[PDB]
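Chemist: build me a model from this:
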Amino acid sequence: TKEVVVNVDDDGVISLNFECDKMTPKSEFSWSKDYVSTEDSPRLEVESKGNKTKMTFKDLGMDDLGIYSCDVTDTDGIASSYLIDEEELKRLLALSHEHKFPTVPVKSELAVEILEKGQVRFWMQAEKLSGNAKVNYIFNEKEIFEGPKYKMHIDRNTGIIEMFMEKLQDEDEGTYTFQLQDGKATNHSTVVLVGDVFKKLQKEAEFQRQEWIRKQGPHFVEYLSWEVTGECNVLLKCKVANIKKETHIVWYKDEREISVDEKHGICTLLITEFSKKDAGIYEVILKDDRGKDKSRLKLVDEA
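Modeler: Numbering: from 1, shown residues only. Next comes the structure:
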């Protein structure tokens, strides 16, 4: 049957508990420490009610080490006991503390990356969130909010917490913290973006954002090169992508339109019987409402 059984309640309160089903109108609980009566001890309290007892420690510490025993009079004369040694003192103190001040578990800490539009993603993963969980966001020890600049999402099912930015200004260098609060539980994760790390990220954001826009338009996959063909003609060549019907393709030599394209992603201009007269700065421009691109190439005919 029964032993003495320990309990730590939601408020950190530590206690030993006992019940006996075989009591008599004259039966009584009596507790001892190291086989001396604990009656009158300032370190603890007892409460008996019907067939149950509880001993509540007032402030568990090192002066409470020992064997606690419970005897019941008018029974079989057998005592139940519980050992409190130095290792069990630690375990119970840790449990009390974590009840009073629980921690919200974290699977991975606050990290920062560059997504595909050149968008900046700040993220972390908690182990689990209730539906009441909330976050506050902090940059250089000041609170920041949902608006034109910071946009924030929390999925409570997976514990993914996110903040998005469109780019990194110079004034965005510094320290970022997510502060998490679920019940009476609590945590925070922090990331430092200073120096090399910060401009590593800011440079990469910039480049990808530009690239992504250029590419929604009609654009180059290979820039202007040259070769020789036929009877001493020069052909100019490039490669293009994302070409529509209304797309204007236009050639120039020294600021002066020469040819307008329409025919057929290879683009060529043929230069007939090449000489000094054919030298100059050549360029091709691509255009419509989705954006414009450009390739340039300089041609010397012996200067």
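
Chemist: residues near the closest residue to residue 61 other than its chain neighbours, how many?
Modeler: Among residues not flanking residue 61 along the chain, residue 89 sits closest, at 7.7 Å (C-beta to C-beta, 6 or more residues apart in numbering). Every residue, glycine included, has its C-beta placed from N, CA and C. Residue 89 has 15 neighbours, counted by other C-beta atoms under 10 Å.

Chemist: could you look up the SS state of residue 269?
Modeler: strand (DSSP: H, G, I helix; E, B strand; the rest coil).

Chemist: contacts only, for residue 84.
Modeler: Contact analysis of residue 84 by C-beta atoms under 8 Å, 6 or more residues apart in numbering lists 64, 65, 66, 67, 68.

Chemist: rerun at 10 Å
Modeler: Residue 84 makes contacts with 6, 14, 16, 33, 57, 60, 64, 65, 66, 67, 68, 92, as judged by C-beta atoms under 10 Å, 6 or more residues apart in numbering.

Chemist: just among the residues you listed, which is most surrounded?
Modeler: Going by other C-beta under 10 Å, residue 16 tops the contacts of residue 84 with 23 neighbours.

Chemist: need the residue closest to the centroid of the chain.
Modeler: Residue closest to the mean C-alpha point of the chain, counted by C-alpha atoms, centre = their mean, is residue 124 at 1.5 Å.

Chemist: dig out what that residue forms beta bridges with.
Modeler: residue 161 (DSSP bridges).

Chemist: contact partners for it?
Modeler: Contacts of residue 124 (C-beta under 10 Å, 6+ apart): 106-112, 135, 159-163, 178, 180, 187, 189-191.

Chemist: of those, grab the buried ones for ChimeraX.
Modeler: To isolate the buried ones among the contacts of residue 124 in ChimeraX, judged by 16 or more other C-beta atoms under 10 Å, type:
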select :106,110,112,135,159,160,161,163,178,180,187,189
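
Chemist: quick one, what contacts residue 61?
Modeler: 43, 89, 93.

Chemist: could you name the helices and strands sitting against the longest strand anywhere in the chain?
Modeler: Criterion DSSP state E: the longest strand present in the chain is strand 219-229. Helices and strands touching strand 219-229, by 3 or more C-beta pairs under 10 Å, 6 or more residues apart in numbering; DSSP states H and E, are helix 196-216, strand 233-241, strand 266-271, strand 280-287, strand 293-299.

Chemist: perfect, that will be all.
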